[PDB]
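Data block below; observations after.
Scope of the values below: all heavy atoms of this structure, side chains included, with no hydrogens, waters or symmetry mates. Throughout, protein chains are lettered first and strands after them, A, B, ... in sequence-line order, and every chain is numbered starting at 1.
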Amino acid sequence: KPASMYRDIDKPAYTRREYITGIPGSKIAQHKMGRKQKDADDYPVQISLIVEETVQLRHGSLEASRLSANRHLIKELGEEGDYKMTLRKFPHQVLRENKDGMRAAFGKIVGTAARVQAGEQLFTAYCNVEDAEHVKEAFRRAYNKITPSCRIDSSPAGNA
Amino acid sequence: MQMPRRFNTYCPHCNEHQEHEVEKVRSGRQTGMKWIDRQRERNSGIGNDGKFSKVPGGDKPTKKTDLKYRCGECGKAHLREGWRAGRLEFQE
Amino acid sequence: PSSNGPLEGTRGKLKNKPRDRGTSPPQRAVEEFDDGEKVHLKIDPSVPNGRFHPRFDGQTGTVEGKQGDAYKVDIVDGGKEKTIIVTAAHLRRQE
Amino acid sequence: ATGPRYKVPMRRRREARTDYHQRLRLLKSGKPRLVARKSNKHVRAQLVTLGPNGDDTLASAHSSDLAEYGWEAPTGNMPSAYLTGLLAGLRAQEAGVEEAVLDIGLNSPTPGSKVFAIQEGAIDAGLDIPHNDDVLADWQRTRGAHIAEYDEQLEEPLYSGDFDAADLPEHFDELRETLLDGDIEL
Amino acid sequence: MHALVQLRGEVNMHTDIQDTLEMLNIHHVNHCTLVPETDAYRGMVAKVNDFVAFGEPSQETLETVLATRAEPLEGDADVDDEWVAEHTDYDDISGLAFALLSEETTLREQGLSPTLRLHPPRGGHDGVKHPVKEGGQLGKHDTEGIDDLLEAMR
RNA sequence: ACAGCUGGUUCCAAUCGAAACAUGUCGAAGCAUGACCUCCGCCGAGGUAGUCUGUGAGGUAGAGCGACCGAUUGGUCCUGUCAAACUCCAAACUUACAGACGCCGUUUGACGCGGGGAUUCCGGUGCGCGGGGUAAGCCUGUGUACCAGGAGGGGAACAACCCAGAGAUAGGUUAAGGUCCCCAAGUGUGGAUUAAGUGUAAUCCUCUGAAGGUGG
RNA sequence: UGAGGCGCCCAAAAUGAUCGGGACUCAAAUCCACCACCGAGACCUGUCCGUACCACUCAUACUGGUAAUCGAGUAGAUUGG
RNA sequence: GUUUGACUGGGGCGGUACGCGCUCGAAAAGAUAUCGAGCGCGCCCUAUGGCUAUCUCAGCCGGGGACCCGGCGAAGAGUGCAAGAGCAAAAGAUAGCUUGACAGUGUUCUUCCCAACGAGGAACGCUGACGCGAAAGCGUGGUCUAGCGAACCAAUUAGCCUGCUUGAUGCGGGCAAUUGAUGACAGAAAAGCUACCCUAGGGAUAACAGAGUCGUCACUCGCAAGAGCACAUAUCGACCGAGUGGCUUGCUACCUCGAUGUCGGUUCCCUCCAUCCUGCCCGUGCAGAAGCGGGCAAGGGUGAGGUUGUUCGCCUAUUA
RNA sequence: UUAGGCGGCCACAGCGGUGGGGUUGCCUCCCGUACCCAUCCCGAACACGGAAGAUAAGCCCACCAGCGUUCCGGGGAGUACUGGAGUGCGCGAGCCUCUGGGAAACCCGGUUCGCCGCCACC
Ligand SMILES: CSC[S@](=O)C[C@H](CO)NC(=O)/C=C/c1c(C)[nH]c(=O)[nH]c1=O
Ligand SMILES: [Cl-]
Ligand SMILES: [Cl-]
Ligand SMILES: [Cl-]
Ligand SMILES: [Cl-]
Ligand SMILES: [Cl-]
Ligand SMILES: [Cl-]
Ligand SMILES: [K+]
Ligand SMILES: [Mg+2]
Ligand SMILES: [Mg+2]
Ligand SMILES: [Mg+2]
Ligand SMILES: [Mg+2]
Ligand SMILES: [Mg+2]
Ligand SMILES: [Mg+2]
Ligand SMILES: [Mg+2]
Ligand SMILES: [Mg+2]
Ligand SMILES: [Mg+2]
Ligand SMILES: [Mg+2]
Ligand SMILES: [Mg+2]
Ligand SMILES: [Mg+2]
Ligand SMILES: [Mg+2]
Ligand SMILES: [Mg+2]
Ligand SMILES: [Mg+2]
Ligand SMILES: [Mg+2]
Ligand SMILES: [Mg+2]
Ligand SMILES: [Mg+2]
Ligand SMILES: [Mg+2]
Ligand SMILES: [Mg+2]
Ligand SMILES: [Mg+2]
Ligand SMILES: [Mg+2]
Ligand SMILES: [Mg+2]
Ligand SMILES: [Mg+2]
Ligand SMILES: [Mg+2]
Ligand SMILES: [Mg+2]
Ligand code: NA
Ligand code: NA
Ligand code: NA
Ligand code: NA
Ligand code: NA
Ligand code: NA
Ligand code: NA
Ligand code: NA
Ligand code: NA
Ligand code: NA
Ligand code: NA
Ligand code: NA
Ligand code: NA
Ligand code: NA
Ligand code: NA
Ligand code: NA
Ligand code: NA
Ligand code: NA
Ligand code: NA
Ligand code: NA
Ligand SMILES: [Sr+2]
Ligand SMILES: [Sr+2]
Ligand SMILES: [Sr+2]
Ligand SMILES: [Sr+2]
Ligand SMILES: [Sr+2]
Ligand SMILES: [Sr+2]
Ligand SMILES: [Sr+2]
Ligand SMILES: [Sr+2]
Ligand SMILES: [Sr+2]
Ligand SMILES: [Sr+2]
Ligand SMILES: [Sr+2]
Ligand SMILES: [Sr+2]
Ligand SMILES: [Sr+2]
Ligand SMILES: [Sr+2]
Ligand SMILES: [Sr+2]
Ligand SMILES: [Sr+2]
Ligand SMILES: [Sr+2]
Ligand SMILES: [Sr+2]
Ligand SMILES: [Sr+2]
Ligand SMILES: [Sr+2]
Ligand SMILES: [Sr+2]
Ligand SMILES: [Sr+2]
Ligand SMILES: [Sr+2]
Ligand SMILES: [Sr+2]
Ligand SMILES: [Sr+2]
Ligand SMILES: [Sr+2]
Ligand SMILES: [Sr+2]
């Protein structure tokens, strides 16, 4: 199913589990990556991926981007590299699909998505001044798998 | 539900509270001589008989209480609104 | 609405702010108003009886007499004049 | 106390001094209240009326100012309570009060108690108060008889500061006699 | 005291906004009214803000417009110093202009029609699709801006 | 014959001017009663479409939840997220009553009341707020202005986009929009960018142009 | 190395291509300001008509006066010809 | 001889949004729709009603999942049943007593916002008679909002009016009210077929087609995990993301019902390019020959046959 | 108000903590069950009768801010949101400008350890 179907915020917030059943499980395997035992303050560089437009990102997209990003960080820094990345959003919005014409059209539950306002940080990484470019590459690969354009913003990092 | 056979309440005849006995209203027999009875015979003939060709309606899932309240001292009874009760059993 | 009883859609207007929760002070339930007085109508969630139809919450009527302990307040619903039977517990002097 | 949503009772409720439910029922009469209180040593009667910023006492009497008319006996007994009610009642009539409702606050409606004695006294003073005779102690007890006979079972004077040996209900009579009289400075 | 001129027609304007103009005695495009600066009148002009041009005019400007467009409550009697002097509590237009600007009286109060039926702006105005700060003619104006408009509509 | 269904119903003008909604209905292609239009009569001094101020009503936007509630991360307090059927908070704003100013009414009698006559109960579009639906020149609400029943000017044409509400006739100045020619008005001024004929397209079923990329 | 402006690539449809057309490139494009004009039945102004109200009147016959606050209209109501 | 209802993204089937109550939808007064989301009511209860007295609950901790003692504990308990709301010296618990779940008659509001409409309901009175309490006071059923039914007829309750010249008796007619049902719930007594069909109309409502949409379908692009012996990119290429078309299908009901004749084929003409061949190119896991992939390009060509009405497709021999 | 009673507002009053206060005065704790009354068992409580003792509780007086609460300054913030207007921008979801309004969280510094009414009283 095309994201064009759900990327916009054109419907009420639909998140109440107490009144919604059959909600598919999320495809996001991890929200905290890298060395999650170490603090974020223990790093000289902090870079986030910022969304430029308000949108809805389905869990299948969060997983693909996160995966295609952490994967790179793993390939370039190792299965234990001194870094840590965080996917700070969770897919709370439940999505339907009307899958009989327009009669009794309320759709059946088909998935979940996270609402992201423009300007917000979807992902945030913490690395050493060495791997600062490997993370910028991980994000480049991440924003290629989500709807909106993104800014790779470098927070703590005056080593340029 | 349950209900007391006798209890104190207002008797609209004595105009004061007194013991009463509650009884379910028993149907009295018809005489077959009321005006409606004669109209059924005057207006029924050959073919359909209008209202006299209709047959008994249905039933409500629950009926309302149909009771008589007799004053224990003057012997007169009075009626009251009834309330839907699936079952009415008197105590004693 | 899905139903049309008297308390339809009254979740907010008939609910107490948590701190006003609990039996209300007797003073305002015994207050006396004179004919001609302007009184605001507002049901007190904690007081069961002596209420008017929730739809009239927020009206500022005129006491034009009483019935028993309750008051008869005159209001103008839209363009229709109506008389409301309401106890002091749900009334407040204006100004 | 715990947080924002926490509900603290009305002050007089947490102090455990005012039964608001009874209060409301009392105020519904539209009449003044004959507020009967009592301490370990004393008894107080007040005729309270409703007011804009709080109640308003129009008249009242304390067991202390009872002596002011010839009383050398204790002030926490039946004779004491009755006379106090009568004194408060009399003053009530003075200020123009003609009827009331007994407000025993948080005391118990025990038959023949002092709050009921205060009531009988206030009623004899001419005040119109809804009551029930078979809940009022019998005349003699009000006088102080019960305590006289108690002193009868002597061995050691009932009272410490010798007010008298075999005590006195007859004194109660002298004082009641002095109050029912016209003269008296209320 | 602010001068108010309707620059946008009634078609499609909210009814409560149109009734507001009418309460301010303006019933046509290009019609001008003089309103005192009070809290009550303030709410009114702020409400019609997008269909009008207003501001405080200079004494001279008010004098020019009064001379050229003021009218009696009834009749076609021209209004000039002689008229003013013989019908109002003033000696000439200037005395009137001053009293109006200082809010001591109103046109109606002095037997004059509450409205100044102005002429289309000679050379045109700055447009009715944008406010003054954006180069348009709508909304509040400087005394110089307001005078420029009123003089063009003399 | 009957039909709640289609068609038609013939002269001129002047005043006012809708409803396409609510309740009931074997009712949904119909009626009745209301709302609303109009006419007549009664009444006799106030009225309230705007705003300001005072006294009240309200929990939507937003926000937040170590304030309830239910969701929703990880680590050895901290750290990551949410709510149409959550709220410790909380607007703009809508709304009752009153006073003030404004406007209006007391020969144009307002407000209110009684009675005669209706038409109407297929609506539509824009904008704001929506709910359903991938969406639709979709379906179904709500507030408002418009079309319907609204000319004239502009928009190539074009019910509802812009200006504009219009007796006749005449002179003048503007509005929207435009000023190289077609076609009335500039081949206007100061300055800058663009080399793609990008563009010369307010709005839109109507005018596309995206993620991504660019030592132009 | 960061930011902004315009443009370029991404970019495929059926009878004849298009910004209405011609055609336009220090513009007749775009953006920032500015100057002068054209252009409605709007607004201003002369005269007349209708309608409403006013004065005079038997008059709804004349005469005079007022209208910034009157002048579009489907169904329908009312009235003169 | 008649009936066989209405609603409905056409109708039928399915369902009942056909009478009621709650939350949300609903946009902070009120009102507000859909075959909108969550879900309930057609009862049950003589106490599970009423009053009074005495009393304080979930849950946790400490001392001897039953009991006893103490501490914390504004309410998370309980209150018949949906939901939302109310309630703590109580509206909850226990105990005792009691029958107000009473008779008569109104005011007002609701039903039906505004704004007319019945039954039903509620709040608040006056009158009568009672219960409990010291008394104020409380009790017109259950804390509040669902638990409901016209006229005609019958039975029933108490008193009274009346029946053709008149009296008596029988048997009738009536004033007031209770109970018996119409759930299509503001009330008809009621099954289907028609391809033998007929009429009135409707593009107010469907079929083909047009138009809008583009989920579906076709095609493309971005990213490039993966494999391709080594090698992302000779070649194949998941996920996810972004688009174009209007060839498939679906959706809508805008046009047409006083008619725009279906599919397939045939014949004849024009066109599109996302190119199968032919021309010219680039790469190769390109020796050659040949393959495979890609680019420009619509001048021309793209044929004959077997089954099947087929479109499609399968099959045969030819063919650049 | 050198200690009391009846209250209004109903946490600015709550939670917690410190210090001070009482010979025939006040409130209490306190002492005691013949009576009125009382405990499904207990004079615990309720009720009655009373002063040997006490200021340790309570209570009243003075005060502290750690938690909770009210209001206020400065910052967040004229931000978020928004009524009116636009031939302003954007492929579009949407954004911007002008006009009139205008939060919440949170941080820091203050305020708040009740205010007020009637009666009585060295
Ligand atoms: C002018 S109308 C042409 S028809 O509608 C042509 C179309 C072609 O798809 N045919 C149909 O729809 C046929 C439908 C049929 C149905 C519903 N049932 C049948 O038993 N037979 C049919 O042919
Ligand atoms: Cl029965
Ligand atoms: Cl009401
Ligand atoms: Cl006491
Ligand atoms: Cl008009
Ligand atoms: Cl060209
Ligand atoms: Cl004529
Ligand atoms: K047709
Ligand atoms: Mg709400
Ligand atoms: Mg004039
Ligand atoms: Mg312009
Ligand atoms: Mg005509
Ligand atoms: Mg005429
Ligand atoms: Mg929100
Ligand atoms: Mg029409
Ligand atoms: Mg011009
Ligand atoms: Mg020319
Ligand atoms: Mg082009
Ligand atoms: Mg027949
Ligand atoms: Mg049908
Ligand atoms: Mg509402
Ligand atoms: Mg029948
Ligand atoms: Mg019966
Ligand atoms: Mg019905
Ligand atoms: Mg109904
Ligand atoms: Mg036919
Ligand atoms: Mg049509
Ligand atoms: Mg159609
Ligand atoms: Mg033909
Ligand atoms: Mg090609
Ligand atoms: Mg080769
Ligand atoms: Mg060709
Ligand atoms: Mg001490
Ligand atoms: Mg646009
Ligand atoms: Na016969
Ligand atoms: Na309360
Ligand atoms: Na017929
Ligand atoms: Na019909
Ligand atoms: Na309609
Ligand atoms: Na209908
Ligand atoms: Na006025
Ligand atoms: Na918003
Ligand atoms: Na119009
Ligand atoms: Na034209
Ligand atoms: Na071009
Ligand atoms: Na007409
Ligand atoms: Na039927
Ligand atoms: Na169906
Ligand atoms: Na009724
Ligand atoms: Na289609
Ligand atoms: Na497309
Ligand atoms: Na070719
Ligand atoms: Na074949
Ligand atoms: Na002490
Ligand atoms: Sr939507
Ligand atoms: Sr992207
Ligand atoms: Sr016969
Ligand atoms: Sr027969
Ligand atoms: Sr049945
Ligand atoms: Sr008109
Ligand atoms: Sr609203
Ligand atoms: Sr030029
Ligand atoms: Sr230039
Ligand atoms: Sr079209
Ligand atoms: Sr566009
Ligand atoms: Sr792009
Ligand atoms: Sr005309
Ligand atoms: Sr006309
Ligand atoms: Sr048949
Ligand atoms: Sr169908
Ligand atoms: Sr009740
Ligand atoms: Sr059958
Ligand atoms: Sr056949
Ligand atoms: Sr035709
Ligand atoms: Sr091509
Ligand atoms: Sr080839
Ligand atoms: Sr075909
Ligand atoms: Sr086939
Ligand atoms: Sr003891
Ligand atoms: Sr697009
Ligand atoms: Sr401000």
Side-chain angles (χ1 to χ4, degrees), chain A residues 5 8 12-13 15-19 31-32 36-37 61 64 88 90 92 98 101-105 144-145, chain B residues 1-4 7 9-10 12 16-17 25 27-28 33 36 54 57-58 60-61 66 77-79 82, chain C residues 3 5-7 11-12 14-15 38 40 48 53 55 57-60 67-68 70 78 83 85 94-95, chain D residues 1 3-5 7-8 10-11 19 25-26 29 35 37 44 46 48 53-57 60 101-102 108-110 112 130 132 135 137 141 146 150 153 160, chain E residues 9 11-12 19-20 23 27 29-30 39-40 43-44 46 49-50 74 113 115 117 119-120 129 131 133-134:
Chain A
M5 284 175 79
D8 301 314
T15 79
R16 306 302 296 288
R17 306 256 163 172
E18 38 238 300
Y19 310 106
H31 275 74
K32 304 204 164 192
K36 61 177 190 180
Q37 297 197 67
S61 283
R88 47 217 309 173
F90 296 70
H92 296 299
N98 179 36
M102 283 312 297
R103 158 175 295 178
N144 261 289
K145 296 198 170 178
Chain B
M1 60 164 259
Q2 298 280 66
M3 176 166 222
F7 67 89
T9 187
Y10 189 70
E16 55 175 294
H17 276 50
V25 181
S27 309
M33 297 179 268
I36 192 63
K54 300 191 189 178
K60 208 63 174 164
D66 186 359
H78 67 272
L79 306 171
Chain C
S3 57
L7 310 192
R11 193 221 256 280
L14 295 188
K15 179 172 54 155
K38 288 293 186 179
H40 296 139
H53 190 290
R55 177 176 291 150
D57 245 21
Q59 284 290 330
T60 304
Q67 200 160 285
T83 296
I85 302 302
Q94 168 178 43
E95 229 76 50
Chain D
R5 193 163 187 167
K7 171 54 161 67
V8 177
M10 300 190 283
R11 211 194 74 228
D19 182 332
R25 269 131 44 188
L26 242 22
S29 53
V35 175
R37 272 50 179 65
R44 159 151 39 188
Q46 295 164 304
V48 185
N53 306 300
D55 290 323
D56 254 304
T57 304
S60 61
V101 164
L102 178 67
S108 300
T110 317
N132 189 316
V135 106
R141 188 181 174 73
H146 63 294
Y150 185 34
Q153 301 174 58
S160 186
Chain E
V11 192
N12 292 317
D19 291 350
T20 298
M23 292 179 183
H27 303 84
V29 168
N30 288 352
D39 292 323
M44 295 189 256
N49 186 288
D50 313 288
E74 298 209 328
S113 168
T115 313
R117 303 185 300 90
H119 183 106
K129 294 188 174 307
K133 290 186 180 178
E134 301 198 76

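Which of H:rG84, F:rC97, H:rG106 sits closest to the side chain of C:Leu7 comes down to H:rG84. Taking only side-chain atoms of A:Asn98, from C-beta outward, the nucleotide of F:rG133, I:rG84, I:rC10 with the closest atom is F:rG133. The listed nucleotides are G:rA42, H:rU179, H:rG42; the one nearest the side chain of B:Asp66 is H:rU179. With F:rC52, I:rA34, H:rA136 as the candidates, the nucleotide lying closest to the side chain of D:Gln153 is I:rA34. Set against H:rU110, G:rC43, I:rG5, the side chain of E:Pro120 has G:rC43 as its closest nucleotide. Side-chain proximity of D:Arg5 to the nucleotides F:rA71, H:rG215, F:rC88 is greatest for F:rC88. Distances from the side chain of A:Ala13 to the nucleotides F:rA83, G:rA42, H:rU156 place F:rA83 closest.
Pucker assignment for G:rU15 gives south. The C1'-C2'-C3'-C4' angle has a negative sign. The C1'-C2'-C3'-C4' torsion of I:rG92 is positive, so its sugar falls on the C3'-endo, or north, side. The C1'-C2'-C3'-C4' torsion of H:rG73 is positive, which assigns its sugar to the north, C3'-endo side. Here F:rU15 has a north sugar; its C1'-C2'-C3'-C4' angle has a plus sign. In H:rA242, the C1'-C2'-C3'-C4' torsion is positive, which places the sugar in the north family.
Taken together, H:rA154 and H:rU179 constitute a Watson-Crick or G-U wobble pair, since both relevant N/O distances lie under 3.5 Å. Between F:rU48 and F:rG112 there is no Watson-Crick or G-U wobble pairing whose two distances both come in under 3.5 Å. Judged by the 3.5 Å cutoff on both pairing distances, I:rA103 and I:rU69 do not qualify as a Watson-Crick or G-U wobble pair. With both hydrogen-bonding distances under 3.5 Å required, F:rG216 and H:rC214 do not qualify as a Watson-Crick or G-U wobble pair. With the cut-off at 3.5 Å for both distances, H:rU8 forms no Watson-Crick or G-U wobble pair with H:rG305. Nucleotides I:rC48 and I:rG32 are base-paired: the Watson-Crick or wobble atom pairs both lie closer than 3.5 Å. Pairing check for F:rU108 against F:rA135: the two fail the Watson-Crick or G-U wobble geometry, since the two atom distances are not both under 3.5 Å. A canonical Watson-Crick or G-U wobble pair links F:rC89 to F:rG62, with each of its two hydrogen-bond distances shorter than 3.5 Å. Taken together, H:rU166 and H:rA218 fail the test for a Watson-Crick or G-U wobble pair, since the two needed distances are not both under 3.5 Å. Between H:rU252 and H:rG141 there is no Watson-Crick or G-U wobble pairing whose two distances both come in under 3.5 Å.
Base-pair partner of H:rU23: H:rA37 (Watson-Crick or G-U wobble, both distances under 3.5 Å). Nucleotide H:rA150 has no partner under the Watson-Crick or G-U criteria, as no pair reaches both atom distances under 3.5 Å. Nucleotide I:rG117: paired with I:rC6 (Watson-Crick or G-U wobble, both distances less than 3.5 Å).
In this structure, D:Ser29 reaches the sugar-phosphate backbone alone: every heavy-atom distance under 4.0 Å involves primed, P, OP1 or OP2 atoms, never a base. Within 4.0 Å of C:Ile85, counting heavy atoms only, lie sugar-phosphate atoms of the nucleic acid but no base atom. Looking at heavy-atom distances under 4.0 Å, A:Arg103 makes contact with a base. Within 4.0 Å (heavy atoms only), D:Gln46 reaches at least one base atom of the nucleic acid.
Between the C1' atoms of H:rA317 and H:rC282, the separation comes to 37 Å (whole Å). The gap from the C1' atom of F:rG133 to that of F:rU140 amounts to 11 Å, rounded to the nearest Å. F:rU51 sits 28 Å from F:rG109 when the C1' atoms are compared, rounded to a whole Å. Distance check on atom P: H:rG120 versus H:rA95 gives 40 Å, rounded to whole Å. Rounded to whole Å, the P atom of F:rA176 lies 15 Å from the corresponding atom of G:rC38. Atom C1' of H:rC18 sits at a distance of 14 Å from the matching atom of H:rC35, rounded to the whole Å. The separation of H:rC24 from H:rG11, taken at their P atoms, amounts to 34 Å, rounded to a whole angstrom. Taking atom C1' on both nucleotides, H:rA28 is separated from H:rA47 by 44 Å, rounded to a whole Å.
In terms of position along RNA chain G, the nucleotide closest to E:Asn30 lies nearer the 5' end than the nucleotide closest to the other residue of the pair E:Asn30 and E:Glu74.
Remark: D:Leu26 CG to D:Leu102 CG distance equals 8.0 Å, nearest 0.5 Å. Note: A:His92 NE2 to A:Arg16 CZ = 13.0 Å, rounded to the nearest 0.5 Å. The distance from atom CE of E:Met44 to atom CG of E:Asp39, rounded to the nearest 0.5 Å, is 10.5 Å. In this structure, CG on E:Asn30 lies 11.0 Å from CZ on E:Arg117, to the nearest 0.5 angstrom.
In this structure, H:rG9 shows a glycosidic angle within 90 degrees of zero, which is the syn conformation. H:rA47 takes the syn form, because its glycosidic angle lies no more than 90° either side of 0. Glycosidic torsion of I:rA77 falls outside 90° of 0, placing the base in anti. The glycosidic torsion of F:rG27 lies within 90° of 0, which places this base in the syn conformation.
Between D:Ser60 and D:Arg44 the shortest side-chain heavy-atom distance does not fall below 4.5 Å.
For the neighbouring bases H:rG250 and H:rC251, a stacking contact is recorded, both ring-centre distance under 5.5 Å and ring-plane angle under 30° holding.
Judged by centroid separation below 5.5 Å and plane tilt below 30°, D:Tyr150 stacks onto the base of I:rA34.
Between C:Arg11 atom CZ and H:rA83 atom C1' the separation is 9 Å, expressed in whole Å.
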